[PDB]
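Asker: Please find one structure pasted underneath; my questions will follow.
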Amino acid sequence: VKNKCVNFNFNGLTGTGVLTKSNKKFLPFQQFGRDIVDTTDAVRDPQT
Amino acid sequence: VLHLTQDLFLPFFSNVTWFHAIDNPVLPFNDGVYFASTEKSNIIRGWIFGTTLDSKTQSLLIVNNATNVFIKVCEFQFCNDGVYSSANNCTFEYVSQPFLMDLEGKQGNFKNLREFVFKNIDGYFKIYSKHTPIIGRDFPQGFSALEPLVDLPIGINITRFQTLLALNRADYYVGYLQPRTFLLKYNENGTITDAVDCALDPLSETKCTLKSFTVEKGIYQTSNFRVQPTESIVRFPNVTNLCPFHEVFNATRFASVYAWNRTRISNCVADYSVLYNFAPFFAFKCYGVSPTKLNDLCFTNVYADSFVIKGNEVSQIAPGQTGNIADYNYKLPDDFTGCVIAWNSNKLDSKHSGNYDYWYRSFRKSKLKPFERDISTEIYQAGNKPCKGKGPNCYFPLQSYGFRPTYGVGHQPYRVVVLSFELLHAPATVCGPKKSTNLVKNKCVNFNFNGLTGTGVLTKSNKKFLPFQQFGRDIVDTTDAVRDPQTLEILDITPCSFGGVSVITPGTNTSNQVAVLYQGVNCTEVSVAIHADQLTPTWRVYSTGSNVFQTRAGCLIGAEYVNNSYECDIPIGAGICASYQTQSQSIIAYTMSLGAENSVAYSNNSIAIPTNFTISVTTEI
Amino acid sequence: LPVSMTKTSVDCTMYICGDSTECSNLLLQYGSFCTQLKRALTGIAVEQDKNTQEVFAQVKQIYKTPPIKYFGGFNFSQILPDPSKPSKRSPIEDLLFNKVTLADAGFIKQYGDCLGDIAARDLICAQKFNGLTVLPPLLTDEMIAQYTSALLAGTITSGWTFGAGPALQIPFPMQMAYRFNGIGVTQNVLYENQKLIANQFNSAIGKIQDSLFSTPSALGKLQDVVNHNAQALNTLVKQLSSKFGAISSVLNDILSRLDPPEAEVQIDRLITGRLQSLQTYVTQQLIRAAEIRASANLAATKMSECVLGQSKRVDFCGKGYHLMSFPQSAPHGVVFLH
Amino acid sequence: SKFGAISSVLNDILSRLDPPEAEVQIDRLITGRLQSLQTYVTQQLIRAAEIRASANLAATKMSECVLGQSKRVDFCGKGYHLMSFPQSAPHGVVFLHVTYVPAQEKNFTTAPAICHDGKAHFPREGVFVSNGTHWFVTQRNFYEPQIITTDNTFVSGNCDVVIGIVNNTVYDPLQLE
Amino acid sequence: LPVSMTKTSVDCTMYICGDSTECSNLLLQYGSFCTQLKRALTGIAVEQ
Ligand SMILES: *[C@@H]1O[C@H](CO)[C@@H](O[C@@H]2O[C@H](CO)[C@@H](O)[C@H](O)[C@@H]2O)[C@H](O)[C@H]1NC(C)=O
Ligand SMILES: *[C@@H]1O[C@H](CO)[C@@H](O[C@@H]2O[C@H](CO)[C@@H](O)[C@H](O)[C@@H]2O)[C@H](O)[C@H]1NC(C)=O
Ligand SMILES: *[C@@H]1O[C@H](CO)[C@@H](O[C@@H]2O[C@H](CO)[C@@H](O)[C@H](O)[C@@H]2O)[C@H](O)[C@H]1NC(C)=O
Ligand SMILES: *[C@@H]1O[C@H](CO)[C@@H](O[C@@H]2O[C@H](CO)[C@@H](O)[C@H](O)[C@@H]2O)[C@H](O)[C@H]1NC(C)=O
Ligand SMILES: *[C@@H]1O[C@H](CO)[C@@H](O[C@@H]2O[C@H](CO)[C@@H](O)[C@H](O)[C@@H]2O)[C@H](O)[C@H]1NC(C)=O
Ligand SMILES: *[C@@H]1O[C@H](CO)[C@@H](O[C@@H]2O[C@H](CO)[C@@H](O)[C@H](O)[C@@H]2O)[C@H](O)[C@H]1NC(C)=O
Ligand SMILES: *[C@@H]1O[C@H](CO)[C@@H](O)[C@H](O)[C@H]1NC(C)=O
Ligand SMILES: *[C@@H]1O[C@H](CO)[C@@H](O)[C@H](O)[C@H]1NC(C)=O
Ligand SMILES: *[C@@H]1O[C@H](CO)[C@@H](O)[C@H](O)[C@H]1NC(C)=O
Ligand SMILES: *[C@@H]1O[C@H](CO)[C@@H](O)[C@H](O)[C@H]1NC(C)=O
Ligand SMILES: *[C@@H]1O[C@H](CO)[C@@H](O)[C@H](O)[C@H]1NC(C)=O
Ligand SMILES: *[C@@H]1O[C@H](CO)[C@@H](O)[C@H](O)[C@H]1NC(C)=O
Ligand SMILES: *[C@@H]1O[C@H](CO)[C@@H](O)[C@H](O)[C@H]1NC(C)=O
Ligand SMILES: *[C@@H]1O[C@H](CO)[C@@H](O)[C@H](O)[C@H]1NC(C)=O
Ligand SMILES: *[C@@H]1O[C@H](CO)[C@@H](O)[C@H](O)[C@H]1NC(C)=O
Ligand SMILES: *[C@@H]1O[C@H](CO)[C@@H](O)[C@H](O)[C@H]1NC(C)=O
Ligand SMILES: *[C@@H]1O[C@H](CO)[C@@H](O)[C@H](O)[C@H]1NC(C)=O
């Protein structure tokens, strides 16, 4: 579910927040996301 | 983002060996290998890894082919030219998409520059690659990031490394990785656009500690510099008598725990190899020290308490332990610095018809405080009878460790000895078997004086060490002087070189030249240290004789002193300022100009009155 | 008034983990707790440089006293620089320098004689032994003296005009008359008792030199600053001998005594003690630097008003009706003669 | 930053360790993060004290330079201050100190007083200045020579105690009338 | 205008270790973490 506050357990990465489609340019080996302060930003959907 | 990482990378502008082909040298492998090649269609199949490449140690093979790969872990014999001849104890086969990709624009002109990087960090064999259709004829210098392809937890030992060839009827670019710190600039699309090393140039290091790619004009404090020691001296005492460990171990009538025989060991050299030899060890659990690092330590005094006890009681003997032995028989202090040795002795504490020679205390009026013997036969009181005898309510305090050659593991006569050391500040009469090297003075070295480890510079002294004095210090309680054990002379101790490096640069948009300032150090010392290559900094900034300036604030390398005076542009310290001035452009340091030299026309009757005026608007923020 | 404090460039890596790779690796587990401290000390050092710059570098052009020195009777030889002295400092300026003792000059490059210390190695050698160094000020006490000479020559040859724009020469008797007229007494008073006022000025200037000479310490503020800095640094270095609940207080010892997986606990305790002590030092230095910045801003304001002009604000530039003010450089501070 | 814990992720070490195992690590993370937050709070307090000092300076500068003329030199800009105009800035203020600064000046001559007839004349306000041959009186910060009359100067003295007096004739507008 | 604040002179020895010899010995292992605080507060009072 997107655009709704949820607790996610994406591939063992636990946390809470809101998810949605992005226009990222994830490399084919790219799996996770982060930012300048090293906090998980985006997750590649394992089943999508 | 300008994320900073610390991992294995090929150092910038490092050495890369370029080979040819027309036999196939075995390149050593360590800390990862950067691989690159540029071929027309295909001449390099794969690589071979492992140790000694024979049928005695597991090896690797990553041979590619037209459609797939052939990654495997096996113990091949040799091929001396299918690719092998032995697959006996060989598993972990693997097949996936081919690593090599080739595209041509209807012409063989294009020679994709294929680059690879491998490593073996905690197993997990990592492979990175990137194919640049750009012909690599001349090793390109533009940036090209490397994408991982596969990552398989190989878990073997890799030291050597080889490569394969093709058949037919300018390549092989190899470099070695090293643990370095890198700063990487990530593009908005997530790719990497530019990266900078952090141990290559003073500018690069400043850029790293000021994480950015544009460094504005100024002086930046980045790190420090230290003269790494050249030699390592160990000066142990003038005694060679081996310790009496043999006598206590070669004894047979190890007394009971109620009377723990305590021997004093002093004035000897303790080589614990003899401790290992007479010891089918069962429990060598050491607390204050590491049993591996016992031949390099000096102890003021060594005690050895020997007592034979039962199987569970050895796990019951420890610093601040409890139980029938650790409360009334033998109690180790909480801050115990030493350890216990236990090995089964069923041939010396046993015989046919049985043996009951040993003893142990079960009944004591109170707990046994650490390191006390309580040899006494007083019947423990129960209830309120002053009874003096045996029977009920009148118990003989200490019961027997009857030992026969037939007990379970929990009951065999375990021979236990404990070693207690005193690792404090006092002349150590007991030291490890380490050899005493020579003494070198006026040179930064690592010293181990009588077990006192440290680093610095040593020399003669004019102190008045009293005969009992052994150390030196200051109001700050830092070891200053050490009396030589084998010379009985006083040696001062100096810091290694500790200082501080500040890079002085104009903006990177202006020039890449920088000025390095080592803080509070005579520049002759840093020059000899540089010439001896014992300086911790690896960015060896050039020294042409014209770029050295012993400032009152340290010494400046990379800027030439000009006797002129200009406005202060980049503050250095102690009346020195650096600036980027034309010659055709270079960095110059100068004594700051405080202002235009002016002299007033003061006189008895001369006055100056402005015949005009100006309005100026200044700004204050 | 204090103007600046000793500039330090604490390096936590050497201070907390003397050349220990394992200790450094465990320290990297504490995040950027270090770059914060290094940045704070760098900012304090730059702030001290800026304080001295604001206090003294007020005059763009460096002025000089005329070759002849007859200021209508006023005797200024006590505050003018002495050409005979190699350091080119005022007689009243020399006393301040000789009455203040710096524990660490910073501009010594003392390395090379710690081995040659012969006797017990001193505070500076000990501080160098544990990653604790002192930077020197950007402005030397020789060119600061020339700033002060320029400020003094500008206020005796040009009155207050040099504090506004071009320095306009004016005879000192007339400058005295103008300062007098600035506090409500007509010039004729000065021009009728010029000799008497010159005698009083000379006597007061002469007797302030002895008042500073014979007093135990009238510079207690500057010596207070120096003692506070040296004492904080000494308390910092003294924390290296505190076990903090570890087996021993020596990293090279507990590293050579315990194998890594066990010694990590003791090294972590040492880290968490020494980092806390270093943060205490940095915070106290920041507070002292804020206080010194306030004092240096006050001194800069006092210079700009009392020196480069007459201040109508009562009791600000000394007690009584202010006339002028001659600055004199002092170790890590400035001294005014109101 | 792990602070010596197993991991730096709360939701991880909670889901990877039962309370007793997590407790120790959770305590380590708390004692690390709380210490970092105290460092941040202390730095913010010190910076806020410094900014308050600067803001009190700015308030004094506004109240003096803007709402009036400041006689204190080098406070409201360099030179003789005339007026000021504040300008709002992001997290601060910018002043425009309009200052009167002198210009081209000429050596003329000067004397403390002028003795006309046995009596010393001093300027009521301004300097006694000389072209070179005709003595004049003028203001201090601008050369506006004026004929030395008995209203431009006040007389008090005896022509024998002032050092540097110069002989000249003063003018009185009453004798002619 | 405030001119002064209350002059406090807390003693760390009692404040942390109320009349406990064991706690005093454990505190001694922390070095001069106490003289620093005492000197700071004494300076504060003198400055008040
Ligand atoms: C990140 O990726 C975007 C998606 O491909 C790029 O945008 C494209 O730009 C090209 C022109 O270069 C267009 O033809 C295309 O329609 C799309 O707009 C974008 O440039 C890229 N940014 C980078 C690589 O920095
Ligand atoms: C513990 O047992 C040791 C070995 O038997 C004793 O050492 C030896 O004791 C003999 C006498 O039995 C000495 O002749 C010999 O030189 C050596 O010291 C040791 O004394 C003993 N200690 C106690 C406290 O019983
Ligand atoms: C005082 O100074 C003014 C500028 O600083 C002078 O004004 C100048 O006037 C000339 C024309 O005469 C212009 O060309 C010039 O741009 C400037 O505006 C002014 O003349 C001067 N007065 C005296 C008496 O020196
Ligand atoms: C200005 O004041 C100086 C004070 O140092 C006078 O110097 C004096 O010189 C005499 C020798 O003639 C010394 O005995 C005395 O101790 C002092 O150093 C100086 O003469 C004086 N000059 C004028 C013009 O007033
Ligand atoms: C003294 O001041 C006088 C100002 O009144 C100047 O004299 C002027 O001279 C002209 C003729 O040269 C007269 O026409 C005029 O009325 C005035 O008297 C004179 O230049 C000045 N002296 C010097 C040396 O500048
Ligand atoms: C100013 O003018 C006075 C008379 O108008 C001068 O007084 C004279 O002084 C001389 C001695 O120098 C006497 O001999 C004479 O009788 C008269 O009193 C005075 O000197 C003069 N001063 C200057 C500086 O020119
Ligand atoms: C996941 O598996 C299902 C069933 O095998 C398949 O229909 C689907 O396409 C798969 N999706 C992904 C992303 O692998
Ligand atoms: C690479 O090797 C060559 C061959 O000896 C050498 O001249 C060069 O200095 C090496 N590169 C560097 C960066 O030292
Ligand atoms: C290439 O390797 C694959 C891997 O099993 C193998 O099946 C194939 O026969 C090999 N040769 C070609 C031409 O694909
Ligand atoms: C595999 O290893 C075992 C180890 O004991 C060895 O006995 C066996 O001969 C090996 N298999 C071979 C050499 O084919
Ligand atoms: C790996 O091989 C090297 C080279 O012989 C050897 O020194 C090292 O001990 C080996 N390591 C292991 C874990 O086998
Ligand atoms: C005692 O010494 C002899 C010497 O030959 C040795 O064989 C034996 O193992 C020793 N016994 C012990 C318990 O050390
Ligand atoms: C050390 O021992 C050797 C050999 O017994 C001797 O020659 C030398 O003098 C001794 N030195 C000292 C200081 O005792
Ligand atoms: C430091 O300065 C120079 C340059 O090295 C030399 O005299 C000596 O090494 C040192 N001198 C002193 C006085 O420390
Ligand atoms: C020029 O500089 C040199 C040192 O590089 C110095 O010895 C010389 O005195 C200077 N000349 C002048 C005129 O300042
Ligand atoms: C000023 O007057 C004094 C004493 O009359 C004299 O010594 C000095 O040379 C005079 N200087 C000038 C510039 O007139
Ligand atoms: C005043 O005269 C002196 C004497 O040479 C000269 O140096 C100075 O520049 C003059 N001032 C002026 C013209 O403003």
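If you're matching them up, the sequences are chains A, B, C, D and E in order. For the first sequence, the entry's author numbering begins at 534 and goes up steadily by one. Residue numbers for the second sequence, in the entry's author numbering: 47 to 68, 80 to 138, 158 to 210, 212 to 246, 263 to 482, 484 to 677, 689 to 726. For the third sequence, the entry's author numbering begins at 727 and goes up steadily by one. For the fourth sequence, the entry's author numbering begins at 968 and goes up steadily by one. For the fifth sequence, the entry's author numbering begins at 727 and goes up steadily by one. Note that the Cβ used here is the ideal one computed from N, Cα and C, for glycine as well.
Helix, strand or coil, according to DSSP, for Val991 of chain C in the structure here?
Answerer: Looking at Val991 of chain C - three-state DSSP - the assignment turns out to be helix.
Asker: When you compare the CB of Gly999 of chain D with every CB in chain B, is at least one pair closer than 8 angstroms?
Answerer: No, because no Cβ of chain B sits closer than 8 angstroms to the Cβ of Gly999 of chain D.
Asker: Taking its Cβ as the centre, do 16 or more other Cβ atoms sit within 10 Å of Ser1051 of chain C, making it buried, or is it exposed?
Answerer: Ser1051 of chain C comes out buried.
Asker: What number of angstroms, rounded off, separates the C-alpha of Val1033 of chain D from the C-alpha of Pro57 of chain B?
Answerer: Rounded to whole angstroms, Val1033 of chain D to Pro57 of chain B spans 60 angstroms at the Cα level.
Asker: Using only the alpha-carbon positions, how far apart do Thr108 of chain B and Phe133 of chain B sit?
Answerer: So the two alpha carbons sit approximately 11 angstroms from each other.
Asker: For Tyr756 of chain E, which of helix, strand or coil comes out of DSSP?
Answerer: Reduced to three states, the DSSP call for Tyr756 of chain E is coil.
Asker: Provide the residue span of the alpha helix (DSSP H) that contains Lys964 of chain C, from first to last.
Answerer: Unbroken alpha helix (DSSP H) run through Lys964 of chain C: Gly946 to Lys964.
Asker: State the CB to CB distance for the pair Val1040 of chain D and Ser1030 of chain C, rounded to an integer number of angstroms; the pair is presumed to be in contact (CB under 8 angstroms).
Answerer: The Cβ separation is near 6 angstroms, so the contact holds.
Asker: Is it right to say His519 of chain B is buried, meaning 16 or more other beta carbons lie within 10 angstroms of its own, or is it exposed?
Answerer: With fewer than 16 Cβ atoms within 10 Å of its Cβ, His519 of chain B is classed as exposed.
Asker: Please confirm whether any heavy atom of ligand 2 lies closer than 7 angstroms to the CB of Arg995 of chain D.
Answerer: No - ligand 2 has no heavy atom lying nearer than 7 angstroms to the Cβ of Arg995 of chain D.
Asker: Leaving aside the five residues before and after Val781 of chain C along the sequence, list all residues of the same chain whose C-beta is less than 7 angstroms from its C-beta, in chain order.
Answerer: Within the same chain, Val781 of chain C has close Cβ partners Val729, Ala1022, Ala1025, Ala1026, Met1029 and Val1060.
Asker: Report the neighbours of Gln774 of chain E on chain C: residues whose CB is nearer than 9 angstroms to its CB, in chain order.
Answerer: Here the premise fails: no neighbours, minimum Cβ distance about 14 angstroms.
Asker: Between residue 252 of chain B and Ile693 of chain B, which are expected to be in contact by the criterion C-beta below 8 angstroms, what is the C-beta distance as a whole number of angstroms?
Answerer: It's not possible to place residue 252 of chain B here, given that chain B moves directly from 246 to 263.
Asker: For ligand 10, is there any heavy atom lying closer than 7 angstroms to the beta carbon of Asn978 of chain D?
Answerer: No, the Cβ of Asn978 of chain D stays beyond 7 angstroms of every heavy atom of ligand 10.
Asker: Roughly how far, in whole angstroms, is the beta-carbon of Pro527 of chain B from the beta-carbon of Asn370 of chain B, given that I think they are within contact range, below 8 angstroms?
Answerer: With a Cβ gap of about 14 angstroms, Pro527 of chain B and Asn370 of chain B do not count as contacting.
Asker: List the DSSP bridge partners of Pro715 of chain B.
Answerer: D:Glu1072, per the DSSP bridge assignment.
Asker: Which term fits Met697 of chain B, buried or exposed, when burial requires 16 or more other beta carbons within 10 angstroms of its beta carbon?
Answerer: Per the 10 Å Cβ criterion, buried.
Asker: Output the distance between the C-alpha atoms of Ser640 of chain B and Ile870 of chain C, rounded to the nearest integer angstrom.
Answerer: Distance between the alpha carbons of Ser640 of chain B and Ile870 of chain C is about 29 angstroms.
Asker: Go through its chain and collect everything with a Cβ distance to residue 1132 of chain C's Cβ below 6 angstroms, but skip five positions before and after it.
Answerer: There is simply no residue 1132 of chain C to check, as chain C begins at 727 and stops at 1064 in what is shown.
Asker: Quick one: is the Cβ of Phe338 of chain B within less than 7 angstroms of any heavy atom of ligand 12?
Answerer: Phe338 of chain B: no, Cβ never under 7 angstroms from ligand 12.
Asker: In the DSSP assignment, the alpha helix (DSSP H) including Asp264 of chain B goes from what residue to what residue?
Answerer: Element bounds for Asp264 of chain B: not the alpha helix (DSSP H) but the beta strand (DSSP E), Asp264 to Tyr269.
Asker: Inspect the beta-carbon positions of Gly545 of chain B and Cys525 of chain B and report whether they are closer than 8 angstroms.
Answerer: The answer is yes: Cβ separation under 8 angstroms.
Asker: Which word fits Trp64 of chain B, buried or exposed, when buried means at least 16 other C-beta atoms lie within 10 angstroms of its C-beta?
Answerer: By the 10 Å Cβ count, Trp64 of chain B comes out exposed.
Asker: When you compare only the Cα positions, how much space is there between residue 1149 of chain D and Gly857 of chain C?
Answerer: Nothing can be reported for residue 1149 of chain D: it is not among the residues displayed for chain D, which extend from 968 to 1144.
Asker: How would you call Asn536 of chain B, buried or exposed, if buried means at least 16 neighbouring beta carbons within 10 angstroms?
Answerer: Result: exposed.
Asker: In the DSSP assignment, what residue or residues form a beta bridge with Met1050 of chain D?
Answerer: In the DSSP output, where bridge partners are listed per residue, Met1050 of chain D has D:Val1065.
Asker: Sorted by chain position, which residues of the same chain lie with C-beta nearer than 6 angstroms to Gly184 of chain B's C-beta, five sequence neighbours on each side aside?
Answerer: For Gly184 of chain B, where only same-chain residues beyond five positions count, the Cβ hits under 6 angstroms are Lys97.
Asker: Go through its chain and collect everything with a Cβ distance to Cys131 of chain B's Cβ below 6 angstroms, but skip five positions before and after it.
Answerer: The answer, listed in chain order, is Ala163 and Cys166.
Asker: Check the DSSP bridge columns for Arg190 of chain B and list the partner residues they point to.
Answerer: DSSP lists B:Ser94 and B:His207 as partners of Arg190 of chain B.
Asker: For ligand 6, any of its heavy atoms closer than 7 angstroms to the Cβ of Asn1134 of chain D?
Answerer: It does: the Cβ of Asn1134 of chain D is within 7 angstroms (strictly closer) of some heavy atom of ligand 6.
Asker: Starting from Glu191 of chain B, find everything on chain A with Cβ-Cβ shorter than 7 angstroms and list it in chain order.
Answerer: Simply none; closest approach about 16 angstroms.
Asker: Hey, is the segment 353–372 of chain B in contact with the segment 484–499 of chain B, meaning 3+ C-beta pairs nearer than 8 angstroms?
Answerer: Touching, no.
Asker: Please list the terminal residues of the continuous alpha helix (DSSP H) segment that includes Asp287 of chain B.
Answerer: Premise fails: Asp287 of chain B lies in the beta strand (DSSP E), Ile285 to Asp290, not in any alpha helix (DSSP H).
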